[PDB]
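In PDB author numbering, the protein residues as written are 61P, 62P, 63P, 1 to 157, 165 to 309, 317 to 386.
Backbone N, C-alpha and C define an ideal beta-carbon position, used for all residues, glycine too.
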Ligand SMILES: CCCCCS(=O)(=O)C[C@@H](NC(=O)c1cccnc1)C(=O)N[C@@H](Cc1cc(F)cc(F)c1)[C@H](O)CNCc1cccc(CC)c1
């Protein structure tokens, strides 16, 4: 938890958060997307219309070819590459250098984003979902094994021609107490592959969705910084929109809005936040029958793009995804050592005069264990 790591993240709305890193010798500078939703460290290693610079292996005296191809398909978008290792540093991170696995991207499809300003991706999740297989040690594992950095990192993602710029902090090796107020509440990491958690209850403006909690985690629920929106399984999505639509029936928007396709604008400064409800996601606590909740304001699920916004909540077919817009306003601790994820109100907390994002507990909930999907 260093003051030198504060504000070491940057990016544009809808295009994620990236941290500056150097690879090879001499140091090659690159902006790398911080993604707790995957486990491969990869960087553009060949020219591309959206890349202004890229990893040039031939210019690195410390590069070692692993002579193995690698391929990684995401929800939408994918890339192909060549494996190898090299020295990697995070200028605004811990003062150490480690030899890490790196997937030099040679071919890609709908992966890189035009104008995003990042040239690679840092999969911070576990080896289990790493490609080719789990023998390809993820970056953070190498960092912990090679240096004395504590097996833990925390993220503070903040809100907002060109798309609004965003800032944040990735504290490697610790917790920076000045980045949050109040208490930290932890939810167990159900399994060490994605950063899987369990949602046991959901409320829209204080009203219970009243669904079997297995639906909330239908398939799985993950904390994913590499994903923008709050993604919800079909049944949960529909209940959610119906509830949100009702609360804001005072005004009407085109179906494209709710489908997160087309934006919606209001006179600059007149956004009627008060008509949109708050969303409370209750997460399993560290104790049976006990949980805590994180409340999201409309300022979070209505992403800036007159003041224009897009509905940052969309239907998923691969489970719940607590994306960036959910993480924003909260200080999130990925306590790998103790297999848990802590949440707390962020210093750049979720605004508003009558309301505010919050992290509250405890709230008793029985049989939280049957909320998960049992393989
Ligand atoms: C951060 C910049 C914002 C980009 C806006 S986004 O549309 O929300 C990105 C999201 N896209 C969507 O969620 C999406 C996209 C289109 C339609 N519906 C949903 C997505 O796929 N995210 C990848 C990171 C990524 C970032 C990019 F910038 C471009 C890519 F290519 C990939 C996560 O790693 C996925 N974790 C779940 C997961 C799923 C499958 C396999 C794995 C094993 C690696 C893992």
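Spatial neighbours of residue i within its chain, please: C-beta separation below 8 Å, excluding the five flanking residues on both sides.
| i | result |
| --- | --- |
| residue 85 | 18, 19, 20, 38, 94, 95, 96, 97, 99, 136 |
| residue 65 | 79, 80, 129 |
| residue 226 | 34, 198, 199, 200, 201, 330, 331, 332, 333 |
| residue 75 | 68, 69, 105, 106, 107, 108 |
| residue 350 | 192, 193, 196 |
Tell me the DSSP bridge mates of residue i?
| i | result |
| --- | --- |
| residue 237 | 327 |
| residue 101 | 40, 79 |
| residue 369 | 299 |
| residue 352 | 191, 345 |
| residue 152 | 174, 343 |
| residue 319 | 269 |
| residue 32 | 120 |
| residue 333 | 227, 234 |
| residue 374 | 295 |
| residue 185 | 356 |
Report yes if the C-beta of residue i is less than 8 Å from at least one heavy atom of ligand 1; otherwise report no.
| i | result |
| --- | --- |
| residue 128 | yes |
| residue 230 | yes |
| residue 198 | yes |
| residue 272 | no |
| residue 114 | no |
| residue 321 | no |
| residue 168 | no |
| residue 98 | no |
| residue 30 | yes |
| residue 72 | yes |
| residue 335 | yes |
| residue 384 | no |
| residue 266 | no |
Any idea if residue i is buried or exposed, counting beta-carbon neighbours within 10 angstroms, 16 or more meaning buried?
| i | result |
| --- | --- |
| residue 210 | exposed |
| residue 26 | exposed |
| residue 279 | exposed |
| residue 343 | buried |
| residue 360 | buried |
| residue 223 | exposed |
| residue 365 | exposed |
| residue 321 | buried |
| residue 56 | exposed |
| residue 88 | exposed |
| residue 153 | buried |
Excluding the 5 residues preceding and the 5 following residue i in the sequence, name in chain order all residues of the same chain whose CB lies nearer than 6 Å to its CB.
| i | result |
| --- | --- |
| residue 150 | 176, 345 |
| residue 131 | 124, 125 |
| residue 189 | 296, 354, 370, 372 |
| residue 293 | 375, 377 |
| residue 114 | 28 |
| residue 245 | 262 |
| residue 309 | 267 |
| residue 284 | 207, 297, 299 |
Tell me which same chain residues have a C-beta within less than 7 Å of the C-beta of residue i, skipping the five on either side of it?
| i | result |
| --- | --- |
| residue 42 | 51, 52, 54, 78, 101, 102, 103 |
| residue 336 | 232, 233, 234, 304, 305, 307, 323 |
Problem set entry | 3 or more residues per run - each beta strand (DSSP E) lying fully within the stretch 36-72 | The qualifying runs are 38-41, 61-70.
For this session: At 3 residues or longer, and completely inside the stretch 207-290: list those beta strand (DSSP E) runs for me, N to C.
Result: Counting only runs of 3 or more, we get 225-227, 234-237, 268-270, 283-288.
Problem set entry | Those runs of the beta strand (DSSP E) which lie wholly inside the stretch 2-28 and span at least 3 residues | DSSP runs (the beta strand (DSSP E)) wholly in the stretch 2-28: 6-9, 15-20.
Problem set entry | 3 or more residues per run - each beta strand (DSSP E) lying fully within the stretch 102-139 | DSSP runs (the beta strand (DSSP E)) wholly in the stretch 102-139: 117-120.
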